[PDB]
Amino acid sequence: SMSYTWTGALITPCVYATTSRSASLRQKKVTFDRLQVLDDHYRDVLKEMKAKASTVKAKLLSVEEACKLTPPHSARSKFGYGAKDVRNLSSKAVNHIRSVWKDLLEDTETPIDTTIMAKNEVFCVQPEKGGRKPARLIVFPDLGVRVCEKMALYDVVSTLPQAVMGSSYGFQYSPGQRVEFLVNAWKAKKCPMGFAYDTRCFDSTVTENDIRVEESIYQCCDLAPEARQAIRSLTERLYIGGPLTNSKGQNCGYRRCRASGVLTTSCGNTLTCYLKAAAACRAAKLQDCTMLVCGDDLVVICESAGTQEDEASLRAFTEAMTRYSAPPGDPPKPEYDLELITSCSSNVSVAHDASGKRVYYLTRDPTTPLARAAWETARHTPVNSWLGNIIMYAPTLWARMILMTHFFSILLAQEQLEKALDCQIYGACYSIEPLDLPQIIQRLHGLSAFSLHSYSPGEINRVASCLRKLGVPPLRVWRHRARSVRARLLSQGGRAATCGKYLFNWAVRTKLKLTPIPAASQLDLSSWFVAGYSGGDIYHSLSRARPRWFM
């Protein structure tokens, strides 16, 4: 069937930023017919996946538990209540939610309505490698449906992918654990070969059968009868497809592929990508495969069979994925160095700690992170990508010297160090105070993230070249600025001094000892690197469970 059909009604609105203008160009690419042919490898992998799902027991979340998971700036319902009413458990919100739930149990076939919208993302043009990227599309149900999805499937999408995929499930890893996983997998091979597989419009490649196969994996869970019916009903009425409405309420057409803004998007895409990839590994006869999957993002680390043989197996893997309705964007290329693999926009690099020991870390080209931070400094934004990049890329040269220095000077000038800000980690929203950054960093990357040096020449040059192309002052200027930022932070004591001492120890002439932060243990990060929730509409506020009086 067609991934999408359109009426003609426009997708209306609600260093460039992506707009609803370019939505017409995106529609053309994501609109096609799917031809999927399944085989014995696919059927075998599926049965193996279902046997592991059979060990999962999932709980039905209460209305209150589901309401607490709703982000405060989550789109309001078309039925007279918003995200604040949901979080406060107002009678109107709760009554509406309970009737939407009852309707999921009684109606098994009527397609649920969704809103289509062009996502606004900040990119960096540079007319040296083509032109501007068209806006991505976001398809999501009403607020009431979104709360019901959490009641029925929040525990499923948080527990099941790990039980099914094991160590291949990428969202269970902090950046430090992701690093450790890839390094260990690379070292486990006699002669390693690795590749990244990029699918062309993954959401659009997802067929109705893929969505039903995904439900067959969920149905293997021990579930409450009502959860079981809600999964069945949500699959038919929402997940498989349904009508699309623009921001103006006009009928835009119809979808028969994956919706980007449903709770099961990340889980479903990870399960589908893993299933198709593991099956294709068998068709291509790749030896001792190690996969790492985050939605549509796949990395394969395997045993090399020779330069000509690896190229042949990669074309075979591609032919199999294409048959499964997952053709590539860019053709995959075999890499024989771990650093040469770019997965989830990131690559492995090495540095040294204070005692000269090797430390592997994840980094990426810093153009987009810096362009986005520049946009966010210029105008007020709901999500601060700068904060997420400080969190995820804390050991990197660019995040330490530029992002930490720039944003801590602004927070110092605005006296906003204690003000909690929202950031997105694995598709989920987190309300974090900048003053908690040293404890967060120690927990995800280790105490060494504050003492890293001996960066590679390639990494230094990439960062340096990037600062030049963007008009950012050189690294020597940042060192000077960090010294004042650090001095002012130290003078304030408490968590602010810890920000000075730990985040800016790289800037001082004579470096400090740096002992573990005692209050880092009491930080509750149990909901952090568990699962992916892209378009899932998930919120968590950071908690410091059991505080000592002297901390």
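In this text, the rigid core denotes the largest set of C-alpha atoms whose superposition between the two forms falls within 1.5 Å. A residue's number is simply how far along the shown sequence it sits, counting from 1.
- Superposition on the core shows that, in 9 other deposited structures of this protein, the C-alpha atoms drift more in one of 390-398 and 420-428; this is 420-428.
- Missing-residue comparison: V15 falls in the unmodelled set for a third or more of the other PDB entries checked.
- Count the deposited residues lacking coordinates between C14 and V15 and you get 10 or more of them.
- If you average the C-alpha B-factors over 42-50 and over 518-526, the higher value belongs to 518-526.
- The deposited model assigns a higher average Cα B-factor to 116-124 than to the other stretch when 199-207 and 116-124 are compared.
- Across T159, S343, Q439, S385, the greatest Cα temperature factor reported in the deposited entry is at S343.
- Taking the PDB entry at face value, the top CA B factor among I97, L234, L275, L314 belongs to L314.
- Ranked by C-alpha B-factor against the other modelled residues of its chain, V359 falls in the lowest third.
- When all modelled residues of the chain are sorted by CA temperature factor, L503 is found within the lowest third.
- Compared with the other modelled residues of the chain, the Cα B-factor recorded for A487 ranks in the lowest third.
- Remark: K59 belongs to the middle third of its chain, ranked by C-alpha B-factor as recorded.
- Sort the modelled residues of the chain by CA B factor and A320 lands in the highest third.
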